[PDB]
Amino acid sequence: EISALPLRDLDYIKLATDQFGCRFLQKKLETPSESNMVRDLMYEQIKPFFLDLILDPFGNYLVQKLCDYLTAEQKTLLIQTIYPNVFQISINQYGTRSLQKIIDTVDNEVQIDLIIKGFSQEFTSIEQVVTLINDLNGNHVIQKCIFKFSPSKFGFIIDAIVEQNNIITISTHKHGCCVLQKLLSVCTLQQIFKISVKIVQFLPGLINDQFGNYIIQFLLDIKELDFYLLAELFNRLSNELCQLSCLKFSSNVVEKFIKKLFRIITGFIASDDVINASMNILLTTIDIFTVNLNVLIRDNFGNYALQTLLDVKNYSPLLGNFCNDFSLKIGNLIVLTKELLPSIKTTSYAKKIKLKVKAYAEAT
RNA sequence: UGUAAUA
């Protein structure tokens, strides 16, 4: 029926929003002899409806398919048409597919810069950017930008994150937490810093959040942050370290934090200033865990923190002055655990603790 | 004995 019609006589808008018309057009695009011509005819007729098709249940398939065939000039004009609408497109079920494919097949920087302009405050508010980051459909467009574009383009993402308390809105959200991690994994160091300042400022709102705890831990894996983050975290948490060790989500961060102190000092046998404060903080921690040993060994979450501190496998090579202050105050904590060991017979993890006191002796 | 991620 439609196959018997000359391409020049096709009603491309009509076909584009139809499942079979759109599929017919796609197959025509995959047909080398007719690919170029069907593209150029289709293009001129559908260009006033670029936004419409991008959002269309079937049209979004055509737009995507077209991205593999459009000239640079054709794709540029397409982006010039719809860049102000990037918010609307990104939250859209079908629009998100179209935009990802467009972003994924940019030909040059002129096209990239247009998209970025769309995400700037001239067309998309900070609040809207935040919405996209947490949105079911939008977070995929943000991730696309994050993995396709140079970090020199990340301005609009950064601005939205550091705005007031948006670090909480983003970090404590199922989707935003993921995006932020993707961002941090590719960010420039100076961008990581700007976000880190905001994370530390709102640490209590993140440290024990179901998703926020993951952000803190992620930050702890970035080595270029050691020179300040270890002291910063601990100075903001020390007075409530026992509390945080006894909470579901923050207990993992304390464990992560403690293992990092061990890994840094052991590896010394990483820059020098870090080693200095790490030694100091570790000792203070043992003091804190010693004082509160009554609660930590008894807590449903705290015992994990304690066990991490006590595990000799973490600190074998530590067995100048510090290597003797540790051996004293951790050895002292070891014997103190023994005294309480009978007072927790009923618990499921007594034998796990008993093995650690046992493995202490074998290397002592 | 304890946490996440389109026909």
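Naming convention: chains lettered A, B, ... in sequence-line order (proteins, then strands); numbering from 1 in each chain. Quick note: numbers below take in every heavy atom, side chains included, and nothing from hydrogens, waters or symmetry partners.
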With centres under 5.5 Å and planes under 30° as the test, does [X] stack with [N]?
X: A:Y304; N: B:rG2; answer: yes
X: A:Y94; N: B:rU6; answer: no
X: A:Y61; N: B:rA7; answer: yes

Whole angstrom value for the distance that separates [atom2] of [N] from [atom1] of [X]:
X: A:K182; N: B:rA4; atom1: NZ; atom2: P; result: 17 Å
X: A:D299; N: B:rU3; atom1: CG; atom2: P; result: 14 Å
X: A:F249; N: B:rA4; atom1: CZ; atom2: P; result: 9 Å
X: A:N303; N: B:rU1; atom1: CG; atom2: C1'; result: 6 Å
X: A:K65; N: B:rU6; atom1: NZ; atom2: P; result: 15 Å
X: A:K27; N: B:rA7; atom1: NZ; atom2: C1'; result: 11 Å
X: A:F211; N: B:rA4; atom1: CZ; atom2: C1'; result: 5 Å
X: A:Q210; N: B:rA5; atom1: CD; atom2: P; result: 10 Å

Does the A:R298 side chain pair with the main chain of A:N294, one donor and one acceptor, at a distance under 3.5 Å? yes
Of the nucleotides [options], which one has an atom closest to the side chain of [X]?
X: A:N213; options: B:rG2, B:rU1, B:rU3; value: B:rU3
X: A:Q307; options: B:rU1, B:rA4, B:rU6; value: B:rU1
X: A:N60; options: B:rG2, B:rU6, B:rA7; value: B:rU6
X: A:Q19; options: B:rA7, B:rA5, B:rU3; value: B:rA7
X: A:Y214; options: B:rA7, B:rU6, B:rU3; value: B:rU3

Does [X] contact [N] through a side-chain donor or acceptor facing the base, at a distance under 3.5 Å?
X: A:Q64; N: B:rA7; result: no
X: A:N300; N: B:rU1; result: no
X: A:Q143; N: B:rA5; result: no
X: A:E255; N: B:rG2; result: yes

If you measure only the distance, is there a donor-acceptor pair under 3.5 Å linking the side chains of A:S98 and A:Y61? no
Identify whether any heavy atom of A:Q100 sits under 4.0 Å from a base atom; if not, whether one sits that close to sugar-phosphate; answer base, sugar-phosphate or nothing. nothing
Pick base, sugar-phosphate or nothing for A:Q217, based on heavy-atom distances below 4.0 Å to the nucleic acid. base
Salt bridge or not for A:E30 and A:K65, using N-O below 4.0 Å? yes
Would you mind checking if A:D68 and A:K101 are paired as a salt bridge, meaning a charged N to carboxylate O distance below 4.0 Å? yes
Does B:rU6 have OP1 or OP2 sitting under 4.0 Å from an N or O in the side chain of A:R97? yes
Just N and O in the side chain of A:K248: are any of them under 4.0 Å from OP1 or OP2 of B:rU3? yes
Evaluate the ring planes of A:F193 and A:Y228, with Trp represented by its six-membered ring, and classify them as parallel (under 30°), tilted (30 to 60°) or perpendicular (over 60°). perpendicular
Give, for atom OH of A:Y349 and atom OG1 of A:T347, the distance between the pair rounded to the nearest 0.5 Å. 4.5 Å
